[PDB]
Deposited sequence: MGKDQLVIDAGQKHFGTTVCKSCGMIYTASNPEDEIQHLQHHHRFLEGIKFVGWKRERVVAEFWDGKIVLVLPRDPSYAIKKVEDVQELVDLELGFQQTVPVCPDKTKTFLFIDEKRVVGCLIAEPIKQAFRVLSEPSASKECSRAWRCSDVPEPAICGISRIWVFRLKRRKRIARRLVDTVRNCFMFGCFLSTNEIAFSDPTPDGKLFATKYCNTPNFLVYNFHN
């Protein structure tokens, strides 16, 4: 693909009439999915020079829940498979990284009671853990800009508000190769915690 759309990330050949119409339609579906405009209430939990993180809590309004689900449909398409869903959808906390009225990062966190050290295989010895990182995604063109690091930072101070969770209290659900490279660095160990492995 000779052309990269800076706004939806699609890679395609602008010279091709098939491609330009298909990009037009992909571009529309994508920007609708990540657009972040007109929430009556935003629970802003962290502010940065290049964006902010908004927290969506259980029993928040329909429009917030729907926005999370729209983003998750795009992540499902990008991954190409159904990642293990949260056990109880009404206990999850969702963190959205917003930049220029767009969702460019999403972290879904769920309560867990145990996790397992990874060696890929993992140990059969359960370790007590508090917070399961059930989903983590950053828009492709915004990667390697610390968005995922800041989302996990924010989970560590918001998931159990009033305490700062250690990297021994968070675990990563069923990590992808990208997730494994991220978690190894974030946790400063190749033997971080996982669940749904």
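- Gaps in the model (deposited sequence, numbered from 1): Missing CA coords at 1-15, 135-146, 225-226.
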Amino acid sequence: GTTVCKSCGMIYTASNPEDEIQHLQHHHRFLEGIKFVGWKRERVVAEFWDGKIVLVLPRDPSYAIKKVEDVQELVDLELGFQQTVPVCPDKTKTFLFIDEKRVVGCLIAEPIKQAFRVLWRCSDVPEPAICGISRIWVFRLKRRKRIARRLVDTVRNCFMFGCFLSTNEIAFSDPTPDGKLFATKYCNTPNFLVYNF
From here on, numbers count along this sequence of modelled residues.
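- Message: Per the record, averaged over C-alpha atoms, which has the higher B-factor: 137-145 or 58-66?
- Response: Result of the comparison: 58-66.
- Which is higher on average in the deposited entry, the C-alpha temperature factors of 181-189 or of 15-23? It is 15-23 that shows the higher mean C-alpha B-factor.
- Identity of residue with top Cα B-factor, from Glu169, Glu32, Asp153, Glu47: Reading the PDB entry, the winner on C-alpha B-factor is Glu32.
- Message: Checking the record values for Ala109, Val125, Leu96, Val87, which has the greatest CA B factor?
- Response: Across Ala109, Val125, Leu96, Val87, the entry lists the biggest C-alpha B-factor for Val87.
- Task: Rank-wise, by C-alpha B-factor, drop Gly132 into the lowest, middle or highest third of its chain.
- Result: Bottom third by C-alpha B-factor.
- Query: Looking at the C-alpha B-factor of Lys52, is it in the lowest, middle or highest third of its chain?
  - Reply: Lowest third.
- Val118 - Cα temperature factor, lowest/middle/highest third of chain: Its C-alpha B-factor, which the entry lists for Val118, ranks in the middle third among residues of this chain.
- Task: Please rank the C-alpha B-factors of the chain's modelled residues and tell me whether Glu78 sits in the lowest, middle or highest third.
- Result: Bottom third by C-alpha B-factor.
- Sorting the chain's modelled residues by C-alpha B-factor, tell me whether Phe159 ends up in the lowest, middle or highest third. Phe159: CA B-factor falls in the lowest third of its chain.
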